[PDB]
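**Student:**
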RNA sequence: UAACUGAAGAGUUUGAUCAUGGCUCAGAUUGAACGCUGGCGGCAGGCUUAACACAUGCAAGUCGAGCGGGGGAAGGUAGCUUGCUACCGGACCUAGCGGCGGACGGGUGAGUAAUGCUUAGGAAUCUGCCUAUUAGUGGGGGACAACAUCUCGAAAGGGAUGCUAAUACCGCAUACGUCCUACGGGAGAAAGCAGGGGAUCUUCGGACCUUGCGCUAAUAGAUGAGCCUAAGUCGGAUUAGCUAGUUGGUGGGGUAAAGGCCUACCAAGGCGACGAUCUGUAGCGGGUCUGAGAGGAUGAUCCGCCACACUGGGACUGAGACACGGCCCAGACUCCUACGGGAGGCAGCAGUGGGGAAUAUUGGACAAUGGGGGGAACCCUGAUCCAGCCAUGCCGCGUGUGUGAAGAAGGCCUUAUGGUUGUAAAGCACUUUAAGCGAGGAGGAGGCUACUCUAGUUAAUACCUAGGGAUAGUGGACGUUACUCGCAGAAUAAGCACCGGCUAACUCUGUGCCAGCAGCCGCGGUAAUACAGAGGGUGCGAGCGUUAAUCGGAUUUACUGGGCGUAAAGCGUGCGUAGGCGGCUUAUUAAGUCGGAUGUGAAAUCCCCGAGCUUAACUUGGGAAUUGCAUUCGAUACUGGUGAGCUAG
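Chains as they are written, first to last, in UniProt numbering: chain L, 2 to 87; chain S, 2 to 208; chain Z, 5 to 83; chain V, 19 to 100.
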């Protein structure tokens, strides 16, 4: 970078990248836990995992880490897959 | 540019008086070489000429009368061809509408060259402004006058005296006491002299 | 208020899809003689109603696959 | 945002402005949405000095366009004249 | 009213001739270059070649009214070596955190024959700042730069420990809208700052009221962008077969969003002589040049779209980038080094080297129009507006005007004394354009500040917002502006090509197939109108010629608009595939064909009528035009489709 503001932008970019990566990985982990419960197949366990996962997805979507359309897609598809377990 | 040089040899080559001199003395007595070309190989007017030669020699005569060079003359022809009506009539009206020609036909200039000199030196006002362009087109109803500083000039009195001898034109209404005239309308082809065959210039440029 | 086309089915092998051949008659831009031009369109047939040789009507729709953006409306004439 | 501003035309030292509605990110003399009048600061004789279409001006202002300071002054002048 | 109206030929094959057929010439045009010459102004244009390599300066910042620190100037009080010292309250500045901007504006055409462009439509999307409307802005917590200490390095810059503020970050609470839903329910936000003030309290310094700028959730609008479809968009067959995520389907993934976009299975599909695949070339359009038109050539300057940023591969942040002056990786190259370690990308503006036949200043100002930040004051802006250079082009002007013959001199020619130069010159009399000197002087500046009043919102006369009035200040790079008025003096200002025919303009000397000229036919071998000089003339004129290039003439690829017995040209002859075309009558259809209506066909450009430039170039108002495309409604003679019938093929 040639200018001071460009250097500052690069520094802020690095810091925001680390923070966003943390939150995104949290979302992925919760979705993966829900998927693991679904694969296990117990209805109550899958329901508990889904109920745990939904608030995290919603909070990160509100913060802007993911899009709210993405959050809605995840909620709908995971709810359908849980309901399939009867 | 502008042609500067001998005037009478141009008339001799063209074969007709071109009004380049004021007119105190007749052209024949002035030149004594009329009826002959200006070259050492010059002949009489009876020599054979091609159609290209006739067309060229016709346009050169008009150009030498009006003091207009080739590029401006071509622009005049293009404007005349664009404007509806007889092309030769439009071209002649365009030539006569020039400010320097109008001053000469008013009589403040004994020659078109003198009128052009006056216009350039800002001795003439159009409407109420001191213009200095000889090629300004004069429109119907325009008023031409002499500037006060230029008034009381022996050349102007001589020019108006000579204009008194010359035929006063119909389309221009001029009072000599205060030295001011009005352009009423564009002259007609019938009003203009009939020795000019503008059709030759038309066929020259139409090729 | 939808764009429709009428043509002849030239293929029905794939699942839920037909190949319709459209024909148009146009003037040659320079020589002025009317000539024949043909275009091949992939359509969607949910129940595989159409067959080879039928005359069908198709209408423009949102994309359904890589090459399909038209859907069958009705079978005007059956082979 | 959408703005109403002057686009410079004419010749050297004799500017002639078109009043245009455009996205503010476009070039001054480039892409525009709608032309709604003109301004000629050095008009004389029979030349019209200012012309503004008040109906379209009000329509775009209600839609959310932001006039520049000069265009706002010209609109005030046109309203006073009419 | 008007928006166009438009078409020329010539030379050259032969002892003549007619035809055929090439070659050449007369025109228009240019981002031109070169040769000779060169006064001024206005308006434009200015690396077409090396997307070659780049020294140096500038081209992106702004906000203290988001935040904590840290600075250095003026004041005041107290002491006194007496004009010096110690502290204290205000006014300024900014390295750091944070917000917005940096995705615009600017450059270039390398790549790209279709993921691009043009025209016409469409559904499955997101969209900061702007406009309207609705519901809100409650209460806590843990950190990290700055700072302090240590340490490496000449530095530039690095590394390590201990603190701290916020509109930085994360929980909890609440939810008109919003998301999911199995229709039972479940889930998710935010931040403060500033101006003013009556009364009250002030746990002691603010609370409280009010008004702005903000922040959160959402729905519309506007703007911008993403996606899809149809038709059109340069050659090559001495490139004929191409394709296995390939074509389609299902489950799942993924995206803002449809979709083989991805993945696992199932099927064997998909494209191609209406040119697939491969290969050469190329940014596309509005437009520009030429042409009677149809066509042909072209894509500088202006506008729209696309693509690229030393060469390749990626992602981050963000509303928006896979980002010219941001990051990571790889490659080549270049630079500093104290050998420890570092730095870079002009196809931004100016400029340098090189290349080339050839293309300019390392300039001024943010005054105007715009763009970024800010509440404002104001700051930034090589965008822009101007200036400098160049006859590169277009338009305009000047280089003087009248008179002046028993026709001066000199030059050239001569049938030898006349002719031509020529009214040309001298002489006489006038003039002051432009350039020079001096004096005045618009407009491009709308506004802003101060003063006054009115009307809104409020508890308010304060603050803020919106208006009106008069006065005074303040604001121009260009710039000594345009323009106007005076001064002296013809005084400062003319060249270039050609004269055998095509093609306007002719002789004399010099030379003798030499020297030389030449677009074509052709000139020169002792009287050369064709070579060189001179005299004279012709054409243009601050220009004149040459070279290069496009269209034309060329009916010389012939659609408009040509030919094939002998001039070039009928396959050696049949059969036959695709294709092209096809007898008569009738009913029907409305694809071709024709007509109407509606939408669209950006602006600029061309054309017409006006307007302003002293005129013109040029600028500009309004029209006309954009011959096209799409939708829809009609007609049924002809062609096509379908049904029936017939016999001359």
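The C-beta atom is built at its ideal place from N, Cα and C for all residues, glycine as well.
Measure from the alpha carbon of residue 112 of chain S to the alpha carbon of each residue in S:11, S:161, S:208, S:130, then state which is nearest.
**Tutor:** Comparing Cα-Cα distances from residue 112 of chain S to each of S:11, S:161, S:208, S:130, the minimum goes to S:161.
**Student:** Can you tell me the Cα-Cα spacing of residue 45 of chain Z and residue 36 of chain L, whole angstroms?
**Tutor:** Going from the Cα of residue 45 of chain Z to the Cα of residue 36 of chain L covers about 41 Å.
**Student:** Roughly how many angstroms lie between the CA atoms of residue 60 of chain Z and residue 39 of chain Z, to the nearest whole one?
**Tutor:** Near 23 Å, if we compare the C-alpha coordinates of residue 39 of chain Z and residue 60 of chain Z.
**Student:** Label residue 42 of chain S either buried or exposed according to how many other C-beta atoms from any shown protein chain fall within 10 Å of its C-beta, with 16 as the threshold for buried.
**Tutor:** It counts as exposed.
**Student:** Spatial neighbours of residue 146 of chain S within its chain, please: C-beta separation below 6 Å, excluding the five flanking residues on both sides.
**Tutor:** So the qualifying residues of the chain are 126, 181.
**Student:** Apart from the five residues on each side of it in sequence, which residues of its chain come closer than 7 Å, Cβ to Cβ, to residue 79 of chain Z?
**Tutor:** Around residue 79 of chain Z: 53, 54, 58, 60.
**Student:** Report all residues from its chain with a CB closer than 8 Å to the CB of residue 46 of chain L; omit the five preceding and five following residues, and keep chain order.
**Tutor:** Taken in chain order, the residues that qualify are 38.
**Student:** With residue 63 of chain Z and residue 6 of chain Z assumed to form a contact (beta carbons below 8 Å), what rounded beta-carbon distance in angstroms separates them?
**Tutor:** Confirmed, Cβ separation roughly 5 Å.
**Student:** According to DSSP, is residue 74 of chain S helix, strand or coil?
**Tutor:** Reduced to three states, the DSSP call for residue 74 of chain S is helix.
**Student:** Of the residues Z:42, Z:37, Z:13, which one's Cα is nearest the Cα of residue 27 of chain Z?
**Tutor:** Minimum Cα distance to residue 27 of chain Z is reached at Z:42.
**Student:** With distance defined between alpha-carbon atoms, name the residue in Z:83, Z:9, Z:47 nearest to residue 75 of chain Z.
**Tutor:** The shortest C-alpha separation from residue 75 of chain Z is found at Z:47.
**Student:** Ignoring anything shorter than 4 residues, give me the alpha helix (DSSP H) runs that lie fully in the segment 57–97 of chain V, in order along the chain.
**Tutor:** Here the runs fully enclosed are 72–81.
**Student:** Using CA atoms only, rank isn't needed, just tell me which of S:30, S:36, S:25 is closest to residue 16 of chain S.
**Tutor:** Looking at the Cα atoms, S:36 is the closest of the given residues.
**Student:** Using the rule of at least 16 other Cβ atoms within 10 Å of the residue's Cβ for burial, across every protein chain shown, is residue 32 of chain V buried or exposed?
**Tutor:** That one is exposed.
**Student:** Quick check on the DSSP output: what are the complete alpha helix (DSSP H) runs of length 4 or more inside the segment 83–133 of chain S, in order along the chain?
**Tutor:** Those alpha helix (DSSP H) runs which fall completely within the segment 83–133 of chain S and span 4+ residues are 88–97, 100–107, 113–121.
**Student:** Rounding to the nearest angstrom, what Cα-Cα distance links residue 79 of chain L and residue 51 of chain Z in this structure?
**Tutor:** If I take the Cα positions, the gap works out to 30 Å.
**Student:** Taking DSSP as the reference, what is the three-state secondary structure of residue 78 of chain Z?
**Tutor:** DSSP places residue 78 of chain Z in strand when its eight states are reduced to three.
**Student:** Please name the residue, chosen from L:16, L:22, L:34, L:8, that lies closest to residue 67 of chain L on a Cα-to-Cα basis.
**Tutor:** Considering only alpha carbons, the answer is L:22.
**Student:** Nearest by alpha-carbon distance to residue 33 of chain L: which of L:51, L:19, L:43, L:16 is it?
**Tutor:** Measuring from the Cα of residue 33 of chain L, the nearest candidate turns out to be L:51.
**Student:** May I ask you to report which of helix, strand or coil DSSP gives residue 11 of chain Z?
**Tutor:** Reduced to three states, the DSSP call for residue 11 of chain Z is strand.
**Student:** From residue 76 of chain S to residue 67 of chain S, what does the alpha carbon distance come to, in whole angstroms?
**Tutor:** Taking the straight line from one Cα to the other gives about 15 Å.
**Student:** Is residue 52 of chain V helix, strand or coil when you go by DSSP?
**Tutor:** DSSP places residue 52 of chain V in strand when its eight states are reduced to three.
**Student:** State buried or exposed for residue 128 of chain S, treating a residue as buried only when at least 16 other CB atoms are found within 10 Å of its CB.
**Tutor:** With fewer than 16 Cβ atoms within 10 Å of its Cβ, residue 128 of chain S is classed as exposed.
**Student:** Would you call residue 87 of chain V buried or exposed, if buried means 16 or more other Cβ atoms sit within 10 Å of its Cβ?
**Tutor:** The residue in question, residue 87 of chain V, is exposed, as its Cβ has fewer than 16 Cβ neighbours within 10 Å.
**Student:** Please classify residue 31 of chain L: is it buried, with 16 or more other beta-carbons within 10 angstroms of its beta-carbon, or exposed?
**Tutor:** It is buried - the Cβ of residue 31 of chain L has at least 16 other Cβ atoms within 10 Å.
**Student:** Give me the DSSP bridge partner(s) of residue 42 of chain Z.
**Tutor:** Paired residue(s): Z:27.
**Student:** Give a yes or no on whether the C-beta atoms belonging to residue 50 of chain V and residue 40 of chain V are separated by under 8 Å.
**Tutor:** Yes, the pair counts as a contact, with Cβ atoms nearer than the cut-off.
**Student:** Indicate whether the contact test is met: 3 or more Cβ pairs, each with one atom in the segment 133–143 of chain S and one in the segment 162–180 of chain S, closer than 8 Å.
**Tutor:** The segment 133–143 of chain S is not in contact with the segment 162–180 of chain S.
**Student:** For residue 89 of chain S, count neighbouring Cβ atoms within 10 angstroms of its own Cβ and tell me buried if that reaches 16, exposed if not.
**Tutor:** Result: buried.
**Student:** Are residue 68 of chain Z and residue 13 of chain Z touching if we call contact CB-CB under 8 Å?
**Tutor:** Result no, Cβ atoms of residue 68 of chain Z and residue 13 of chain Z do not sit closer than 8 Å.
**Student:** What whole-angstrom Cβ distance do residue 58 of chain L and residue 81 of chain L have, given they're in contact under 8 Å?
**Tutor:** That belief does not hold up - the Cβ atoms of residue 58 of chain L and residue 81 of chain L are roughly 15 Å apart, past 8 Å.
**Student:** Apply the 10 Å Cβ neighbour rule to residue 31 of chain Z and answer buried if 16 or more other Cβ atoms are within range, or exposed otherwise.
**Tutor:** So residue 31 of chain Z ends up on the exposed side.
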